Amino acid sequence: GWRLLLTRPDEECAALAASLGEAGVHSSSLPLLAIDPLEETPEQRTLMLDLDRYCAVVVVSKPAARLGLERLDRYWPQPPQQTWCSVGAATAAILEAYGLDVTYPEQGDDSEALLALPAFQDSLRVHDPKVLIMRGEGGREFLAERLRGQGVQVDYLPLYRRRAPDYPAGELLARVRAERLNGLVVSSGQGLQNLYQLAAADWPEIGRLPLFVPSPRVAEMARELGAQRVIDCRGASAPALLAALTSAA
Ligand SMILES: [Cl-]
Ligand SMILES: [Cl-]
């Protein structure tokens, strides 16, 4: 059967490993990014104290929901009236567990899916619309750029930095060989980049394996890097990965 390398951050990695194990798929976890919470600056705290200026808040990732909820809880006994948005169901559920109503697409692989969602566009129907994006220190500029194009002002709240964990030399190749892995999962472009960087000289070998990517954009990024077997899952969730595994080899 399928024997997969997972490369997602540690917390999301364990939840995926468990789902895959429950479905009877073997996996080995090698997080290619670690999540380092950011120290809130005075300018960032001000954004949070003025959270009620935003008609929508977009949470781009599971760590952004977790860390973003900490600051919400810190500064808001009662959350202001605004629309909370997510790209996927899995990010939405962290917010939902807190008690928020979340706007998100059902297909939901990428920023585009949220951007095109009628419920999301409706939340922008406001005088001088302002949106807050909760995310890492860096990321995709697409959503901000597009929102600004429609006359929406866009602020970022960085919550964490993403860094490559330090592994003993050869960890990636050792894992693929020792665990007889026949597939790789990445869940983002940065994750895919870190994989290429860590593969280094063994990339011709590693790039050979079925590479399961969450979206068309990441699929394109992977071809550009020389990955020979690029597989587009319809999103980053476990069910999406299972359906993609069934269809592949
Ligand atoms: Cl992954
Ligand atoms: Cl970052």
Side-chain angles (χ1 to χ4, degrees), residues 1-36 61-63 66 88-91 93-94 108-110 136 160-249:
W2 286 104
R3 300 172 66 81
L4 298 181
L5 191 78
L6 315 180
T7 61
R8 218 160 291 230
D10 184 60
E11 196 157 309
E12 309 170 59
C13 231
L16 178 61
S19 289
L20 292 170
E22 284 170 10
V25 182
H26 176 76
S27 67
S28 182
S29 300
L30 186 69
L32 295 183
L33 294 156
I35 305 303
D36 284 341
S61 72
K62 284 177 145 187
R66 140 177 153 257
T91 293
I94 297 177
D109 55 296
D110 227 343
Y160 55 91
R161 205 180 310 101
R162 294 178 290 178
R163 117 188 108 79
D166 280 314
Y167 290 120
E171 189 79 356
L172 170 56
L173 186 67
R175 205 75 70 80
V176 172
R177 297 272 190 85
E179 297 271 291
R180 294 303 199 275
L181 302 176
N182 53 28
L184 314 163
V185 187
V186 297
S187 66
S188 71
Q190 194 57 53
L192 171 69
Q193 262 292 321
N194 285 6
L195 172 67
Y196 174 84
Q197 286 173 226
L198 196 58
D202 295 302
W203 176 252
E205 169 177 349
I206 287 157
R208 217 148 64 198
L209 301 161
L211 183 55
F212 296 84
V213 297
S215 71
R217 172 178 67 96
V218 184
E220 264 299 316
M221 301 181 56
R223 301 187 198 104
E224 177 98 295
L225 287 164
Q228 310 165 41
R229 250 255 248 178
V230 178
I231 303 161
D232 192 322
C233 309
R234 275 83 196 279
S237 74
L241 187 53
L242 287 184
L245 292 176
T246 306
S247 303

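For the numbers below, each heavy atom of this structure counts, side chains included, while hydrogens, waters and symmetry mates do not. We number each residue from 1, following the sequence as shown.
- Of all non-hydrogen atoms in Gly191 and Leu32, the two that sit nearest each other are O-CD1, 3.6 Å.
- By the 4.5 Å heavy-atom criterion applied to side chains, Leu241 and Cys233 are counted as neighbours.
- Under the side chain to side chain donor-acceptor pair (under 3.5 Å) criterion, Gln193 pairs with no residue at all, not counting sequence neighbours.
- For the pair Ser28 and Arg175, the tightest heavy-atom approach, listed with the atom from each and the gap, is OG-NH1, 2.8 Å.
- Side chain of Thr7 to main chain of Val185: a donor-acceptor pair is present (N/O by atom type, distance under 3.5 Å, no hydrogens or angles).
- When all heavy atoms of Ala240 and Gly235 are compared, the closest pair comes out as CB-O, 4.0 Å.
- Sorted by first and then second residue, the ring-ring contact (aromatic ring centres under 6.0 Å, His included) pairs with a member in residues 162-195 form an empty list; sequence neighbours excluded.
- Residues passing the side chain to side chain donor-acceptor pair (under 3.5 Å) test with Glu12, sequence neighbours excluded: none.
- Residue pairs meeting the salt bridge (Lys or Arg N to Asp or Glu O under 4.0 Å) criterion with at least one partner in residues 226-237, sequence neighbours excluded, are absent.
- The side chain to side chain donor-acceptor pair (under 3.5 Å) check on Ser61 picks up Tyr160, with sequence neighbours excluded.
- Just one of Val213, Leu225, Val218 meets the side chain to side chain contact (heavy atoms under 4.5 Å, CB included) condition when paired with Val230; it is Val213.
- Identified under the ring-ring contact (aromatic ring centres under 6.0 Å, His included) test for residues 215-249, with sequence neighbours left out: none.
- What you find for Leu192 and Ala222 is that their closest heavy atoms are CD2-N, 3.5 Å.
- Few gaps surround CD on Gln228; more than 12 heavy atoms of other groups in view lie less than 6.0 Å from it.
- For the pairing with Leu172, the side chain to side chain contact (heavy atoms under 4.5 Å, CB included) check across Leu5, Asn194, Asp202 returns one residue only, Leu5.
- Rounding to the nearest 0.5 angstrom, the gap separating the CG atom in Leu209 from the CG atom in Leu184 is 5.0 Å.
- Within the 4.5 Å cutoff, the side chain of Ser247 has no heavy atoms near those of the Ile231 side chain.
- Applying the side-chain contact (heavy atoms from CB on, under 4.5 Å) criterion to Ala34, with sequence neighbours excluded, gives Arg163, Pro165.
- Applying the side-chain contact (heavy atoms from CB on, under 4.5 Å) criterion to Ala90, with sequence neighbours excluded, gives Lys62.
- Among pairs with a residue in residues 209-223, those fulfilling salt bridge (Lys or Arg N to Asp or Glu O under 4.0 Å) read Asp110-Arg217, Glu220-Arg223, at least two apart in sequence or across chains.
- The salt bridge (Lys or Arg N to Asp or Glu O under 4.0 Å) pairs that include a residue from residues 177-200 are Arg177-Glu205, where partners are two or more places apart or lie in different chains.
- Of all non-hydrogen atoms in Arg66 and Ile94, the two that sit nearest each other are N-CG2, 4.2 Å.
- Listed by chain and residue number, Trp203 satisfy the ring pair (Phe, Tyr, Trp, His ring centres under 6.0 Å) test with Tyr196 (two or more places apart in sequence, or in another chain).
- Counting heavy atoms from C-beta outward, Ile35 and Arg162 have side chains that approach closer than 4.5 Å.
- Rounded to the nearest 0.5 angstrom, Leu30 CG and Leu4 CG are separated by 13.5 Å.
- Nearest heavy-atom pair, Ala238 versus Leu16, reported as atom, atom and distance to 0.1 Å: CB-CD1, 3.7 Å.
- The shortest side-chain heavy-atom distance between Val25 and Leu242 falls under the 4.5 Å cut-off.
- The ring-ring contact (aromatic ring centres under 6.0 Å, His included) pairs that include a residue from residues 205-249 are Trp2-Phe212, where partners are two or more places apart or lie in different chains.
- A donor-acceptor contact shorter than 3.5 Å links the side chain of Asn182 to the backbone of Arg3.
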